[PDB]
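1. The sequence isn't on hand, but the structure is:
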DNA sequence: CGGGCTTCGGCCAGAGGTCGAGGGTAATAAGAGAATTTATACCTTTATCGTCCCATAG
């Protein structure tokens, strides 16, 4: 319902949901987990998992 | 030929080792302003309870 003159593209889009989704996936997903750094081989076998 | 009567098929419930150990992540937006109640603060009024003088019973 907003007008082209009444609203600007920067004021229409809310970027909060995409940032929240990216943060949630990168911090709380099952596949996101702390790297095994006790061995250099542990890192390689974790990233190739 | 309707009717008990057995049987079968679809649907839902419940239950799935224990004890560790470590790590991480956990949840937001109206202002105004009017109104009503409530905790506060000062003050007076009555009773209460600590307190002692006094007459007396032995």
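-> Happy to help now that I have it. Numbers count the residues shown, from 1 in each chain, chains lettered A, B, ... in the order given.

2. so how far is residue A:31 from residue A:22?
-> Residue A:22 is 14 Å from residue A:31, where distance means CB to CB, to the nearest Å. No exception for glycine: its C-beta is placed from N, CA and C like everyone else's.

3. Neighbour count: the two, which is higher?
-> residue A:22 (10 against 6; other CB atoms under 10 Å).

4. For residue A:32, see how far away the more buried one is.
-> From residue A:22 to residue A:32 the distance is 11 Å (CB to CB).

5. Run the chain-centre distance for the host helix or strand of residue A:27.
-> Applying DSSP states H and E as the criterion places residue A:27 in helix A:16-28. With CA atoms, centre = their mean, to the nearest Å as the basis, helix A:16-28 stands 4 Å off its chain's centre.

6. how near is the residue sitting nearest the centre point of chain A to residue A:43?
-> Centroid check for chain A by CA atoms, centre = their mean gives residue A:22 as the closest residue, at 2.0 Å. As judged by CB to CB, residue A:22 and residue A:43 stand 24 Å apart.

7. Identify the residues contacting stretch A:32-39?
-> Contacts with stretch A:32-39, where a contact means CB atoms under 8 Å, 6 or more residues apart in numbering, come from A:25, A:26, A:42, A:43, A:45, A:46, A:47.

8. For the second one, which non-adjacent residue is spatially closest?
-> Here the nearest residue to residue A:26 in space, its sequence neighbours aside, is residue A:32; by CB to CB, 6 or more residues apart in numbering that works out to 5.9 Å.

9. With the first one instead?
-> What sits nearest to residue A:25 in space, not counting adjacent residues and going by CB to CB, 6+ apart, is residue A:32, at 7.0 Å.

10. SS state for the one you found?
-> With DSSP: H, G, I helix; E, B strand; the rest coil as the basis, residue A:32 sits in coil.
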